[PDB]
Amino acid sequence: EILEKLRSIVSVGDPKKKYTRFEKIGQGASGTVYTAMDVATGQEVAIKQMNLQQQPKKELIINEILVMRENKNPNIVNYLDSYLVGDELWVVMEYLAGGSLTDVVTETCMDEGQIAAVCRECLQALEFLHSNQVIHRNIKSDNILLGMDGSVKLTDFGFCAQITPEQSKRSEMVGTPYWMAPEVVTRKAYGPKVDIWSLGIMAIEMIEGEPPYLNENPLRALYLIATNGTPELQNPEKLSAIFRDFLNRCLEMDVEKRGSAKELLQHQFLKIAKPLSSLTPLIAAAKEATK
């Protein structure tokens, strides 16, 4: 039906014999991730395997492969190929040894310098998407991958949306409750700045270790978000002033006053970024903590 379009995007042939030595490195929602070995040419890959029946809205699987294949960028995980295997779609990507930003924010303490360096590379990914008319809608530490060179890349395009000058705003109540911007949570028309909000939230995770209200349930977080607006930090006096300033412009209630990704890339806060090799001690720490 609309699945006819899906079957025509995919490459054909045996992924189970183009690739081997499969271990689970991850299991998200409609995403089991494996690493594997390309028997031909030798390279190591990440393959995401998704059950077709779990996703009723197949137009999102299509939109996922398209956006990734059409918006390649050094701060986005690299799409290689895809395959339909029975009741399951396999997406193949370039593997990056490293871990999730989630492992770092939950197991280590980041300094301002490291936080600024992550924020800068995420803002580069978002300025690129936003200029190509794509909103991610699911920004969070869990969708940021850090390489063993200190590479920072954005992943997980399954929720993203395309806009145009004619349909410049979206209205679907989509995202992960704790990172969602109030305009989304309260069903108003919204734009690429919802990702800036989410990025503000992720900067909170890097400070405190968790998005605000994580101990609450998802529906409660949604109410809290609708009712507080701008979240508050447990301990604001621990942050520099320019960093408080940066948060403030990421977490503005007025969409008009909230920064754009282009704007925020000029913020003085990112001037303090460490070099990205600053991040590899974190990754090592995180790997040790999760052993």
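The first residue of the sequence shown is number 1, and the count goes up from there.
Colleague: Which of the two stretches, 89 to 97 or 153 to 161, shows the higher mean Cα temperature factor in the record?
Modeller: If you average the C-alpha B-factors of 89 to 97 and of 153 to 161, the larger mean comes out for 89 to 97.
Colleague: Comparing 28 to 36 with 64 to 72, which stretch shows the greater average C-alpha B-factor in the deposited entry?
Modeller: Averaged over C-alpha atoms, the B-factors run higher in 28 to 36.
Colleague: Per the PDB entry, which option out of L84, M110, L214, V184 has the greatest Cα B factor?
Modeller: Of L84, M110, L214, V184, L84 has the highest C-alpha B-factor.
Colleague: From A241, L222, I47, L247, pick the one with the largest CA B-factor in the entry?
Modeller: Across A241, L222, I47, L247, the entry lists the biggest C-alpha B-factor for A241.
Colleague: Determine, from the deposited record, the chain-internal third of the Cα B-factor for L264: lowest, middle or highest.
Modeller: Within its chain, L264 is a highest-third residue by C-alpha B-factor, going by the deposited values.
Colleague: Lowest, middle or highest third: where is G175 by C-alpha B factor in its chain?
Modeller: Lowest third.
Colleague: What third of its chain, lowest, middle or highest, does the C-alpha temperature factor of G147 fall into?
Modeller: Highest third of the chain for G147's C-alpha B-factor.
Colleague: Please rank the C-alpha B-factors of the chain's modelled residues and tell me whether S131 sits in the lowest, middle or highest third.
Modeller: Middle third - that is where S131 ends up once the chain's C-alpha B-factors are sorted.
Colleague: Going by the CA temperature factor in the PDB record, which third of the chain does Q167 belong to: lowest, middle or highest?
Modeller: As the PDB entry reports it, the C-alpha B-factor of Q167 lands in the highest third of its chain.
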